[PDB]
């Protein structure tokens, strides 16, 4: 039903933002085609531009928060295929060589990024074992939605929002999307993220 | 300062500091000053 | 100490306007409209401006006759157009019907008509001074001080040859006044605006010296 | 930073310039770690 | 000592700003020369640009507040002259004719404006009777400072901050500034204003 | 107000002199010119010649005492500038090289001595940090006087008065003296010292 990451709720350890910064932020919808592979957002990065959250995170010096993130998918009963959603702390991507990953890959922004090599998760680690992180399944016949709550996990009490990314959210289609002719080609995948117990310091 | 010289004998330090300002002019002088403090992230102010 | 009250100082009825229907002459129009204006005279304008805000009920009386100061029986209509309603275009216009517009029918023979207008403002009080733009000309104007237009008419098939002179009186009742304001030294230039002339008049008259009847 | 809010005001027969001196110190919560040569 | 305008303290009747919007705002210093005549700020206008107060007042639809305003003057004991400070609600300036006042005169901004005709207060009303408004004196021999608290006074419960000015603050030198040679020519006049019980509505 | 050096009052640990040796001794007045730099007395030396104290200290073999020392300054309200007064135990002066300091420098007598290099305190140590010793400020606008009580501090219980100096008193003008024309050029600086709980042994 609902996944608590590592068994804990987020909590306070500064100025504490209220309802203005704690609302739901609905990101633009991704389309999952039969040919599609993967996405990863890697926030706090994703909300640094948008809204009041982005205003606080840029002009305050130190940062702490935790996130509720809801992934949900609109498909008919004639569409099939499965997704895997995971939240991986300190998710450090890599370069594949014929060498540093480019900033557009490391900090993809509010629109996320595509996997080149989902099988290695672009980290050189198997996707088979990505189930060791907090995860949920979306099987289009069983369910349309997945929800994960991530508490703040870092070595330091606070850290900077712009330099350091605490974790990343990966949505991968292990079983491809198949549909008979006449059906809608793209199946939309939308992402809604509400920060919880967020604190800012050093305005 | 003495706090600055005995920080050079250690690798790390942390805490709060204070700064005191004395005006040495004549008893007859009058005016105002504005004393500002900018946090570690921000660049200094351009204007008053 | 009762004559120094704010409620006694505004007490009496006074002439707030003079208007004429004039269908006799080159003007055959045969009706008139009169937007209600409290400050139309500078004597009452200066007493009102002693206060920034005030709230009152008004009482109107219409003293009407002919150019002879003769009053033969002939039928007039005194309508009332509340703020936000259209005015009549002509004698036969449909706005002279329109049941919402209150009207009074009285002969010239009868004693003066009299009727009572409530407090019409959307604000809790009338603002005689407004610093701001309601949305150059627009500076300092209150659209919400409008009380309505009246518009007298003689009830006539066509074109009588008589001009009817009518005098309007107003009382201020139940008056309440807020933060006080000094009284104007300079003469007024134009109706709505505070503007004053370039040549300043002194407040107190001159004497030969500071020493000195 | 220190800014002039107003001009420096004096009566006649008085010097027009002056000085300011700053004094640095640490608070009670200040701490030190891992001694090193200077 | 301290003037309560019309005997009342400001009070609430929306979002209520806290300490960020309720701090002291020190405006740039005016210099009062022996030849100088008058100043008027006419706020809420003055703080619509500056700081957090200006951020709220622009993007909210309706506005309410009240102000503490502290006027203070730096002079030696060899300077003389007197000032009059007044807070006049609904202070509507006028044009002098050889005709509408210009927007730079009606809404002077954070730097205030100079009186052409202080004797009529540029309203056509005598300065002699400006003592009917809440007022305070500054006599350079007696005192350097004046303080006035103004509650919110309007006909409506709330109104717009940008269009309508609730009152204005006038600082006038009835008795001119005289000083013997060698003394500082200009005497600074500085203005500090703290809003009290401010409410905003309709973001 | 009054500085107790290192938090203690002087006290006995011999013949004990009474009121004859415990009175105030006013040294000749120093004049502080706009060009002046520094003074240091370095007593017990200063009183070895003068009065009854000097009689006891010369002909007794061993010595102990503690001192109250009052520094005070006569200036008008049109003079400015600041002094720093400090009492430094075991104040050992040095030579500046193009090498031993001369006896007139080490034991200056009742008239004190001038600093060549006040910035290094003629010890090669910064004047900035001389505030680590018991000290007081004289700011001509705030106050005219400074007072410091020094208990007896030495490694030995008693010692000789003629050979060994226990501490020294330094008066330095960190901010120079400025005055407009017509004012008195020199500002007098006078020094009054009363010994406390003084003991002598071995007549």
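Chains: A, B, C, D, E and F, in written order; residue numbering restarts at 1 for each.
By our rule, a residue touches a chain if its C-beta (ideal position, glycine included) is under 8 Å from a C-beta of that chain, and two chains touch if they have at least 3 such contacts.
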Comparing each chain's Cα average against the average over all protein Cα atoms, the nearest is chain E
By Cα centroid distance, the chain farthest from chain C is F
So, in whole Å, the Cα centroid of chain C is separated from that of chain F by 91
Whole-Å distance, C-alpha centre of chain B to that of chain D, is 6
In whole angstrom, the CA-centroid distance of chain A from chain E equals 53
Distance between the CA centroids of chain C and chain D (whole Å) is 69
Among chain E residues, those touching two or more other chains are 26, 29, 74-77, 188, 190
Among all residues of chain B, those touching at least two other chains are 1, 5, 22-26, 28-32, 34, 48
Listed in rising order, chain C residues that touch 2 or more other chains are none
Chain pairs satisfying touch are A-B, B-D, B-E, B-F, C-E, D-E, D-F
In the complex, chain B touches chain D at residues 1, 3-26, 28-36, 38, 44-45, 48
Residue positions on chain B within touch of chain E in the complex are 28, 30-32, 34, 48
Chain B contacts chain F in the complex at 1-2, 5, 22-29
Within the complex, chain D is touched by chain E residues 26, 29, 31, 74-79, 180-184, 186-188, 190
In the complex, chain F touches chain B at residues 77-82, 128-129, 131-132, 137, 139-141, 175
